[PDB]
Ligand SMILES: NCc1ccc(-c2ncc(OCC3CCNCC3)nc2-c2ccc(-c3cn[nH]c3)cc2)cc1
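Starting off, we have a lone chain in the form solved without the named molecule, written out as structure tokens.
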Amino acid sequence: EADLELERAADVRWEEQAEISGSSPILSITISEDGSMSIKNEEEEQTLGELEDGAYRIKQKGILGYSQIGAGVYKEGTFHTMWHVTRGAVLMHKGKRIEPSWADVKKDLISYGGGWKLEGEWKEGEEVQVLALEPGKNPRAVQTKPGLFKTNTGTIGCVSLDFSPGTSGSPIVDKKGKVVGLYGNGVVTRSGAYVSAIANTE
């Protein structure tokens, strides 16, 4: 079984176009390795192809090529993703090994390369953007207003499960550019609706 491989997709920022219209292409300043950057301007899931923050796709190669199994965010020397995406596996990026540094399986989080560094705090009422890296799609910022719900994990901010499951680990940002959490920790509300927690810790 092949190692999981990282692919830089986009900068981590708030996109003002998505604040205006609801969504936007992410308009990255640094080089991207995914296919949104190419002359085709289209991501190809099966192909693959640090001093700046970035959102990454997480891919694994099989006999038919790569599949994107998730996403994560590199920030201040640490790569952050969901526990269910990697399950503790080593990641590879351009020949570099990256082993896990910390996890909280209960919160569905794992960091690689140092401790957890996502500093954003969401509070009630506040709009955020999911910087969604869906399999097969170019990076997109999507404006949303999370809900505070009562869930099986407590009373938390949640977003609707409105993206591919292979978007899990994509960063969710506030207007300051801070990462309030990651997409894709599935929780169950009191009534029984499945939603994503904004996945972060305290």
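In this text, residue numbers run from 1 along the sequence as written.
- [ ] Check the entry and tell me how many residues of the deposited sequence have no coordinates between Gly49 and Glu50: none, 1 to 3, 4 to 9, or 10 or more.
- [x] 10 or more residues lack coordinates between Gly49 and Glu50.
TODO: Could you check the entry and say whether 103-111 or 69-77 has the higher mean CA B-factor?
DONE: Averaged over C-alpha atoms, the B-factors run higher in 103-111.
Task: Mean C-alpha B-factor comparison - 26-34 and 155-163, higher one - done: Looking at the record's C-alpha B-factors, the answer is 26-34.
- [ ] Would you mind finding, among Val179, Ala18, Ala193, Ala10, the residue with the largest C-alpha temperature factor in the entry?
- [x] That would be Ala193, according to the entry.
Open item on the list: Just to confirm, going by the entry's C-alpha B-factors, which of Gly147, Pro139, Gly169, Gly54 comes out highest?
Closed with: The listed residue with the largest C-alpha B-factor is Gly147.
Task: Among modelled residues of the same chain, the CA temperature factor third for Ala132 - done: Ranked within chain, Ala132 CA B lands in the lowest tercile.
Open item on the list: Please say which third, lowest, middle or highest, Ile63 falls into when its CA temperature factor is compared across its chain.
Closed with: Middle third, going by the recorded CA B-factors of the chain.
Another form, the form deposited with the named molecule bound, is not on view; read the next lines as being about it.
Open item on the list: Is this site open or blocked for the named molecule? Place it by superposing the surrounding C-alphas onto its pose in the bound PDB entry, then apply the 2.4 Å backbone/C-beta contact test with a threshold of 3 atoms.
Closed with: Placed partner shows the pocket blocked.
Open item on the list: Each of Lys106, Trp116 and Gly184 having a non-hydrogen atom within 4.5 Å of the named molecule in the bound PDB entry: is that the case here?
Closed with: All of them do, each having a heavy atom within 4.5 Å of the partner.
- [ ] Evaluate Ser164 for contact with the named molecule in the bound PDB entry, applying a 4.5 angstroms cut-off between non-hydrogen atoms, and reply yes or no.
- [x] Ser164: no, not in contact with the named molecule in the bound PDB entry.
Task: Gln60, heavy atom within 4.5 angstroms of the named molecule in the bound PDB entry - done: No, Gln60 stays farther than 4.5 Å from the named molecule in the bound PDB entry.
Task: Partner proximity in the bound PDB entry: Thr144 to the named molecule, non-hydrogen atom cutoff 4.5 Å - done: Outside the cut-off, so no.
Open item on the list: in the bound PDB entry, does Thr153 come within 4.5 Å of the named molecule, counting heavy atoms only?
Closed with: Judged by the heavy-atom cut-off of 4.5 Å, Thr153 is in contact with the named molecule in the bound PDB entry.
- [ ] Select, from the options 69-77, 108-116, 121-129, 86-94, the stretch whose residues sit within 4.5 angstroms of the named molecule in the bound PDB entry by heavy atom distance.
- [x] That would be 108-116.
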